[PDB]
Amino acid sequence: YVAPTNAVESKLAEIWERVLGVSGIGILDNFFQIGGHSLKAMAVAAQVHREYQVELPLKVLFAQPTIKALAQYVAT
């Protein structure tokens with residue numbers, strides 16, 4: 001992961017490492033690649049709700065639980 005593909009993933013990238021407690025993370029990763037519970041990725045979806053007023057529910061975080069799929073759920 002030397003860079004995201006859109007600032008949408010740029011934000012979900014920061015949130016991802018913060019709420020998930022990681023440092024870097026890739027793009028189409030998997031919120032359950034090495035964490036615990038789902039309250040974390042959800043926190044990320046909340047990062048999408050504050051950063052944007054986009055509808056990103058938990059079921060959407062489950063249908064597309066990653067940075068590219070999330071930033072894409074928002075970014076597009």
# chains A, B, ... in the order shown; residues from 1 in each chain; ligands from 1

$ residues_around --residues "residue 75 of chain A" --least-positions-apart "5" --cutoff "9 Å" --atoms "only C-alpha atoms" --output "PyMOL selection string"
chain A and resi 6-9+70

$ closest_atom_pairs --of "segment 18-37 of chain A" --to "segment 44-53 of chain A" --cutoff "9 Å" --atoms "only C-alpha atoms" --output "CSV"
residue,atom,partner,partner_atom,distance
A:18,CA,A:44,CA,8.8
A:19,CA,A:44,CA,6.5
A:20,CA,A:44,CA,8.2

$ write_last_selection --atoms "C-alpha atoms" --output "JSON list (two decimals), in the first residue's frame"
[["chain", "number", "residue", "atom", "x", "y", "z"],
["A", 18, "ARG", "CA", -7.19, 4.84, 13.58],
["A", 19, "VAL", "CA", -10.44, 3.06, 14.48],
["A", 20, "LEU", "CA", -8.83, -0.27, 13.52]]

$ closest_residue --among "A:5, A:42, A:33, A:13" --to "residue 67 of chain A" --atoms "only C-alpha atoms"
A:13

$ closest_residue --among "A:43, A:59, A:73, A:64" --to "residue 15 of chain A" --atoms "only C-alpha atoms"
A:43

$ residues_around --residues "residue 4 of chain A" --least-positions-apart "3" --cutoff "12 Å" --atoms "only C-alpha atoms" --output "number ranges by chain"
A: 1, 7-14, 24-29, 67-68, 71-72

$ atom_distance --atom1 "atom CA of residue 36 of chain A" --atom2 "atom CA of residue 74 of chain A"
24.3 Å

$ select_by_dssp --residues "chain A" --states "helix (DSSP H, G or I)" --output "VMD selection string"
chain A and resid 7 to 20 39 to 51 58 to 63 67 to 75

$ atom_distance --atom1 "atom CA of residue 76 of chain A" --atom2 "atom CA of residue 57 of chain A"
15.2 Å
